There are 2 protein chains.
Amino acid sequence: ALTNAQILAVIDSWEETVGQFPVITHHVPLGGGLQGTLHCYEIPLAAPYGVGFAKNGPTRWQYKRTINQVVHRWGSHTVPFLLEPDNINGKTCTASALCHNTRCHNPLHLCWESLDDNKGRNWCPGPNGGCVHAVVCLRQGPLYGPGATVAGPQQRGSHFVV
Amino acid sequence: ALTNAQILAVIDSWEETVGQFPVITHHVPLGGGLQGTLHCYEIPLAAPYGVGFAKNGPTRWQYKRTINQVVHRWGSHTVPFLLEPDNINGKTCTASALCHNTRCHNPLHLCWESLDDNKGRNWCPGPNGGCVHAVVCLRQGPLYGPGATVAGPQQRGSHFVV
DNA sequence: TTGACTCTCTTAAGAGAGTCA
DNA sequence: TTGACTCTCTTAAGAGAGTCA
Ligand code: NA
Ligand code: NA
Ligand SMILES: [Zn+2]
Ligand SMILES: [Zn+2]
Ligand SMILES: [Zn+2]
Ligand SMILES: [Zn+2]
């Protein structure tokens, strides 16, 4: 809600509930042929999910609290960042899952950045493979690699140059 | 159904028309602090665009040919790949602009790959900065870099471990 | 046969808000 | 107040199809 005290209360309440979510260990590529371990705090697959949480889509949830008899609701991954600017360079700030695990709500696996930065982490080589993100990646992106291109650049005639 | 000859004729007509688009020289980052040159053949900003071309959206165009009284239409960037498979690994193949210049229709600047591979090139370090794309990038992606993250992973209490 | 417009849809990273009990 | 559902929207890389003359 409006007051700093109320916001801190929201963050602390959210952390307590998510702190009780099942902790699941995931072993992950770091880049450079190295492997690491992440501990994700995963929201349940079906109701009940936890105090204040409800599912609004297959892998979308919201956190709800009643303050001053008014209902305040936020995207379930956004709560750690309620005290942060909600935009940057004219772009909306988004909750960005460093572990690439949508059910995870571990705030140590989340950052707050533009949707472009967020998406781009899917192709990052990872913290031991050359990641240059200022807020460093926790793992190599799931989509990093040579790709599966069907056809490359080509022309039939002689009208074009690179 | 259009024959291979008819399809080849469509590709030849497209190349002949696009080859007359204005050719614009762009200096671009290659990665590794190096600079290169790309020559883009750019569709005009407003009508007329060229024989067979029409704008269906702000930066979307289609190419149309009528053959034996039947109207055929294709996405304007897809024509170089009409003789290629149209899906791979169960994913639709898409025209992927290696020059990251949407108005460009230079077929030497296009490849044919899944939408995920396509998008991921936005963050590639480039052909001289460590690109691992099997069909190599022509330049460093416009979104490669440290990013502009507003807040990193953090907790208020002690409920979480990484 | 052709040009110049119109509209809506896909994907996978993200969101807001309403209806009931 | 709290829980468990419903619906649609945003972005930036990509698409298909209709109307009229
Ligand atoms: Na993400
Ligand atoms: Na692209
Ligand atoms: Zn996680
Ligand atoms: Zn990274
Ligand atoms: Zn180009
Ligand atoms: Zn590349």
Side-chain angles (χ1 to χ4, degrees), chain A residues 13 17 44 46-79 81 86-87 90-98 100-102 110-124 141-143, chain B residues 13 17 44 46-79 81 86-87 90-102 110-123 141-143:
Chain A
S13 67
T17 305
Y49 308 93
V51 173
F53 287 97
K55 172 185 288 165
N56 56 317
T59 71
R60 300 300 299 167
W61 309 267
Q62 293 167 296
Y63 187 62
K64 164 168 86 186
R65 297 279 77 185
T66 296
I67 341 276
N68 309 129
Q69 299 201 251
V70 183
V71 163
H72 296 253
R73 196 159 38 164
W74 317 259
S76 63
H77 293 108
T78 69
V79 175
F81 308 110
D86 59 32
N87 78 107
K91 295 143 198 293
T92 308
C93 284
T94 67
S96 175
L98 296 175
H100 301 282
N101 179 8
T102 309
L110 296 172
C111 67
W112 192 240
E113 60 191 359
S114 73
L115 188 62
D116 269 344
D117 281 354
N118 186 329
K119 289 158 148 172
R121 294 187 189 265
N122 296 348
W123 295 272
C124 185
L143 303 183
Chain B
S13 61
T17 303
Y49 306 99
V51 174
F53 285 94
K55 170 185 287 172
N56 53 315
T59 51
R60 304 293 310 161
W61 310 265
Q62 294 165 293
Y63 190 64
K64 166 167 84 183
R65 293 282 80 182
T66 308
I67 291 141
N68 296 154
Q69 306 208 75
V70 174
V71 186
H72 298 270
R73 192 157 39 164
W74 307 268
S76 65
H77 292 107
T78 71
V79 175
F81 309 112
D86 57 271
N87 58 62
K91 300 162 192 306
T92 294
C93 291
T94 68
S96 176
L98 295 175
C99 61
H100 300 276
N101 173 7
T102 309
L110 298 166
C111 67
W112 192 235
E113 60 191 4
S114 79
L115 188 60
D116 267 343
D117 288 352
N118 183 330
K119 290 172 171 170
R121 292 186 193 265
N122 288 352
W123 296 271
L143 303 179

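In what follows, chains are A, B, ... by sequence order, proteins preceding strands, each numbered from 1. Note: hydrogens, waters and symmetry copies are ignored here, and every other heavy atom, side chains too, is used.
Protein atom CH2 of A/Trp61 is 20 Å distant from nucleotide atom P of C/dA17, rounded to whole Å. Counting to the nearest Å, the P atom of C/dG14 and the NZ atom of A/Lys91 are 17 Å from each other. Between the CG atom of A/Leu98 and the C1' atom of C/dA13 there is a distance of 14 Å, rounded to whole Å. Distance CD (B/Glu113) to P (D/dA15): 11 Å, rounded to an integer number of Å. One atom, CZ of A/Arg121, and another, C1' of C/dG14, lie 15 Å apart when rounded to the nearest Å. To the nearest angstrom, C1' of C/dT1 lies 10 Å from CD of B/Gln69.
In this structure, of D/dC5, C/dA13, C/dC7, it is C/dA13 that holds the atom nearest to the side chain of A/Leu115. In the set C/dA4, C/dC7, C/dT2, C/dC7 carries the atom at the smallest distance from any side-chain atom of B/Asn56. Each of D/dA15, D/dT2, D/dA12 was ranked by its minimum atom distance to the side chain of A/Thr66; first place goes to D/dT2. Each of D/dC5, C/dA13, D/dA12 was ranked by its minimum atom distance to the side chain of B/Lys119; first place goes to D/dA12. The side chain of A/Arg73 has D/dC5 as its nearest neighbour among D/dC5, C/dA13, C/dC5.
In terms of the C1'-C2'-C3'-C4' torsion, D/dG14 has a north-puckered sugar. The angle is above zero. Judged by the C1'-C2'-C3'-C4' torsion, the sugar of D/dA13 sits on the north side, since the angle is positive. Nucleotide D/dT8 shows a negative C1'-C2'-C3'-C4' value and thus a south, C2'-endo-like sugar. A negative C1'-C2'-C3'-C4' angle places the sugar of C/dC9 in the south (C2'-endo) family. Nucleotide D/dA15 carries a north-puckered sugar, as indicated by a positive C1'-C2'-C3'-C4' torsion.
For D/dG14, the OP1/OP2 oxygens have a side-chain nitrogen or oxygen of B/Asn118 closer than 4.0 Å. Applying the 4.0 Å criterion to OP1 and OP2 of C/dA13, one finds that A/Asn122 has a side-chain N or O inside that range.
A major-groove position characterises B/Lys64, whose side chain places a heavy atom under 5.0 angstrom from a major-groove base atom and none that near the minor groove.
Judged by distance alone, the side chains of A/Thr92 and A/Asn87 never bring a donor and an acceptor atom under 3.5 Å apart. Residues A/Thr17 and A/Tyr63 bring no donor and acceptor atom of their side chains to less than 3.5 Å of each other. In the model, B/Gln62 has no side-chain atom that pairs as donor or acceptor with a side-chain atom of B/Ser76 under 3.5 Å.
Within the nucleic acid shown, B/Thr78 comes within 4.0 Å of sugar-phosphate atoms alone, with no base atom in reach, counting heavy atoms only. Across all strands shown, A/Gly57 has no heavy atoms under 4.0 Å from either base or sugar-phosphate atoms. Using a 4.0 Å heavy-atom distance criterion, B/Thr92 is classed as making no nucleic acid contact. The residue A/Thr102 sits apart from the nucleic acid: no heavy atom pair falls under 4.0 Å.
For A/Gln62 and C/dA17, a side-chain-to-base donor-acceptor distance below 3.5 Å is present, hydrogens and geometry of angles not being considered. Between the side chain of B/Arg60 and the base of D/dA15, a donor-acceptor pair under 3.5 Å is found.
Under 4.0 Å is where a charged nitrogen must lie from a carboxylate oxygen, and between A/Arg121 and A/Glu113 at least one such pair does.
For the pair B/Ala54 and A/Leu143, nearest-nucleotide mapping onto DNA chain C gives the more 5' position to B/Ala54.
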